[PDB]
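S.K.: In the deposited numbering, the protein residues as written are 0 to 65.
Before I ask anything, let me first share the structure, which is written out below as structure tokens.
Here you go:
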């Protein structure tokens with residue numbers, strides 16, 4: 000139920016280091032990367048461009064392992 004995920008706050012381009020302005024927290028379905036992981040994601044890279052409003056999933060971030 001009320002578990003919040005990391006959602007793209009702007010289009011995130013491929014192979015670009017994640018910054019805090021790119022990530023917001025939102026309750027969405029399906030559930031993606033927990034919103035508590037936003038600090039851990041800073042400077043990690045996505046392996047695909049992520050459109051605005053997309054829920055970040057584990058498989059999209061290079062090197063991510065919960």
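A virtual CB, placed ideally from N, CA and C, is assigned to each residue, including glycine.
(1) May I have the straight-line CA-CA distance separating residue 55 from residue 0, to the nearest angstrom?
(2) Give a yes or no on whether the C-beta atoms belonging to residue 9 and residue 30 are separated by under 8 Å.
(3) Less than 6 Å between C-beta atoms, sequence neighbours within five positions excluded: which residues of the same chain meet that for residue 61?
(4) If you run the structure through DSSP and keep just helix, strand and coil, what is residue 16?
(5) If you run the structure through DSSP and keep just helix, strand and coil, what is residue 11?
M.R.: Considering the structure as presented:
(1) Here residue 55 refers to the residue found at position 56 when the chain shown is read from its first residue. Here residue 0 refers to the residue found at position 1 when the chain shown is read from its first residue. CA-CA distance, residue 55 to residue 0, rounds to 18 Å.
(2) Residue numbering aside, residue 9 sits at position 10 when the chain shown is read from its first letter. Residue numbering aside, residue 30 sits at position 31 when the chain shown is read from its first letter. Here residue 9 is not near residue 30, since their CB atoms are 8 Å or more apart.
(3) Residue numbering aside, residue 61 sits at position 62 when the chain shown is read from its first letter. Annotation for residue 61: 44, 46 place their beta carbon closer than 6 Å to its own, counting only its chain and skipping 5 residues before and after.
(4) Counting from one through the chain shown, the residue named residue 16 turns up at place 17. Under the three-state reduction of DSSP, residue 16 is assigned to strand.
(5) Within the chain shown, residue 11 is the residue found at index 12, counting from 1. In this structure, residue 11 counts as strand in the three-state DSSP scheme.
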